[PDB]
Amino acid sequence: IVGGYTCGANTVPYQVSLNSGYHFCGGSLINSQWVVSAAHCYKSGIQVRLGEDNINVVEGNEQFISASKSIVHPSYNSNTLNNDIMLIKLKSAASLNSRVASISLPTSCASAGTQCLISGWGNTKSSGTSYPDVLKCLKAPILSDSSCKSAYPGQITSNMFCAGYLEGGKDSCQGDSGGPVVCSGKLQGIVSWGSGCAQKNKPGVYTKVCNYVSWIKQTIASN
Amino acid sequence: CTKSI
Ligand SMILES: [Ca+2]
């Protein structure tokens with residue numbers, strides 16, 4: 001997260017870190033056994049780290065739970081990043097508590113201008129790399145589809161939205177992928193992609209979770 | 001560009 005702020009430990013209790021011996025993506029806990037992340041975060045060997053704040057220090061409240069299933073959306077296109085959503089089933093249900101909590105899926109899509117919280121342990125620099133220890137947060141609005149498509153012509157599918165800032169300086173960034181964009185208590189987005197990070201006129205692009213709620217529910221229900 | 005590490 002570039003241009004964000006330290007969330008505060010466990011203030012984003014649905015934020016998970018996907019770890020493969022290092023934090024590589026975020027995710028969002030959507031129930032005690034399932035995490036939503038980005039399909040492009042798929043890999044083997046995912047350990048979901050819940051309850052994290054400092055991802056480099058065991059501070060307490062962490063639960064590290066292996067992924068038992070990582071379900072990339074069947075129509076994920078790794079070139080266009082359409083359907084950039086993955087569900088991870090935890091090998092065991094997380095113990096939910098104030099620091100490890102699910103986030104609700106949307107019941108409807110969010111409108112442009114909806115303010116959301118994007119969080120992650122991604123790079124905090126728009127140029128160069130600095131990976132934080134602690135979870136970073138960014139309040140960011142969903143941009144209009146027109147602005148999003150203007151920023152990323154031909155690249156924004158109906159399953160994506162832009163959020164953030166066009167003036168630069170505030171965005172999700174590498175290492176934030178898969179993590180949440182939560183708006184009014186609903187997981188509306190998954191950090192997916194963008195042209196660089198926090199670049200002027202290049203807002204973050206996020207998987208539009210509301211388009212996947214049924215898929216998520218159906219997939220969870222069948223797994 | 002995807003935002004993974
Ligand atoms: Ca930790």
Side-chain angles (χ1 to χ4, degrees), chain A residues 1 12-18 25-42 46 48 50 67 69-78 80-90 94 101-120 122 137-145 148-149 152 155-164 171-172 176-194 203-223, chain B residues 2-4:
Chain A
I1 300 290
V12 186
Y14 51 84
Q15 170 82 54
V16 306
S17 167
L18 304 186
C25 273
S28 298
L29 187 67
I30 57 163
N31 66 29
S32 64
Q33 307 180 79
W34 287 90
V35 164
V36 167
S37 183
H40 77 261
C41 291
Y42 172 81
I46 295 182
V48 180
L50 304 101
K69 303 183 171 184
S70 296
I71 301 180
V72 166
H73 195 283
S75 293
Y76 168 57
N77 181 316
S78 59
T80 62
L81 303 174
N82 194 31
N83 305 298
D84 189 13
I85 182 168
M86 170 173 68
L87 285 168
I88 291 169
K89 192 178 186 184
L90 302 183
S102 58
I103 184 71
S104 293
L105 295 176
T107 47
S108 62
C109 298
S111 57
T114 300
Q115 288 286 342
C116 305
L117 183 69
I118 307 183
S119 47
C137 272
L138 175 66
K139 298 177 179 299
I142 296 180
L143 306 190
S144 66
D145 194 51
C148 190
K149 289 176 170 167
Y152 293 111
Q155 293 192 284
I156 302 302
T157 70
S158 65
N159 298 310
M160 295 171 191
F161 63 93
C162 290
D171 200 354
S172 55
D176 291 324
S177 272
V181 179
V182 167
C183 321
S184 310
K186 305 301 186 184
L187 180 66
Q188 291 286 6
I190 301 165
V191 179
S192 180
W193 62 275
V205 188
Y206 296 89
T207 305
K208 193 175 187 179
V209 172
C210 63
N211 286 1
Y212 297 95
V213 169
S214 295
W215 179 77
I216 291 169
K217 288 183 164 294
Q218 290 176 332
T219 300
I220 290 180
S222 55
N223 282 281
Chain B
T2 58
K3 285 172 181 179
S4 69

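We name chains A, B, ... by the order of the sequence lines, and we start the count at 1 in each one. Computed from heavy atoms alone, side chains included, the values below leave out hydrogens, waters and symmetry copies.
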Side chain [X], main chain [Y], donor-acceptor under 3.5 Å:
{"X": "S102(A)", "Y": "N31(A)", "answer": "no"}
{"X": "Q15(A)", "Y": "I118(A)", "answer": "no"}
{"X": "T207(A)", "Y": "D84(A)", "answer": "yes"}
{"X": "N211(A)", "Y": "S158(A)", "answer": "yes"}
{"X": "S37(A)", "Y": "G26(A)", "answer": "yes"}
{"X": "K3(B)", "Y": "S172(A)", "answer": "yes"}

Reported [atom1]-to-[atom2] distance for the pair [X] and [Y], which is rounded to 0.5 angstrom:
{"X": "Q188(A)", "Y": "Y206(A)", "atom1": "CD", "atom2": "OH", "result": "13.5 Å"}
{"X": "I216(A)", "Y": "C210(A)", "atom1": "CD1", "atom2": "SG", "result": "10.0 Å"}
{"X": "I190(A)", "Y": "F161(A)", "atom1": "CD1", "atom2": "CZ", "result": "9.0 Å"}
{"X": "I71(A)", "Y": "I88(A)", "atom1": "CD1", "atom2": "CD1", "result": "9.5 Å"}

Please work out whether the ring planes of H73(A) and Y212(A) are parallel, tilted or perpendicular, with thresholds of 30° and 60°. perpendicular
Evaluate the side-chain contact (heavy atoms from CB on, under 4.5 Å) criterion for residues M160(A) and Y152(A): first the C-alpha distance (whole Å), next the side-chain angles of each, then the deciding distance (0.1 Å), finally the verdict. CA-CA 11 Å; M160(A) 295 171 191; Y152(A) 293 111; over 6 Å; no
Check step by step if side-chain contact (heavy atoms from CB on, under 4.5 Å) holds for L90(A) and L29(A). CA-CA 10 Å; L90(A) 302 183; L29(A) 187 67; 4.2 Å; yes
Please name the pair of heavy atoms, one in [X] and one in [Y], separated by the smallest distance, quoted to 0.1 Å.
{"X": "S177(A)", "Y": "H40(A)", "answer": "OG-NE2, 2.6 Å"}
{"X": "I156(A)", "Y": "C162(A)", "answer": "CD1-SG, 4.3 Å"}
{"X": "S28(A)", "Y": "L187(A)", "answer": "OG-CD1, 3.5 Å"}
{"X": "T114(A)", "Y": "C183(A)", "answer": "CG2-CB, 3.5 Å"}
{"X": "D176(A)", "Y": "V191(A)", "answer": "O-CB, 3.2 Å"}
{"X": "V35(A)", "Y": "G27(A)", "answer": "CG1-CA, 3.9 Å"}

Report yes or no: do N82(A) and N77(A) form a side-chain donor-acceptor pair below 3.5 Å? no
Between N223(A) and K89(A), a side-chain donor and acceptor under 3.5 Å: no
Indicate yes or no: at least one non-hydrogen side-chain atom of [X] is less than 4.5 angstrom from one of [Y].
{"X": "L117(A)", "Y": "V181(A)", "result": "no"}
{"X": "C41(A)", "Y": "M86(A)", "result": "yes"}
{"X": "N83(A)", "Y": "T157(A)", "result": "no"}
{"X": "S119(A)", "Y": "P180(A)", "result": "yes"}
{"X": "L87(A)", "Y": "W215(A)", "result": "yes"}

Does the pair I30(A) and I103(A) meet the rule for a side-chain contact (heavy atoms from CB on, under 4.5 Å), with working shown? CA-CA 5 Å; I30(A) 57 163; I103(A) 184 71; 4.1 Å; yes
Those residues at least two apart in sequence (or on a different chain) that pass side chain to side chain contact (heavy atoms under 4.5 Å, CB included) with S78(A) are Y76(A)
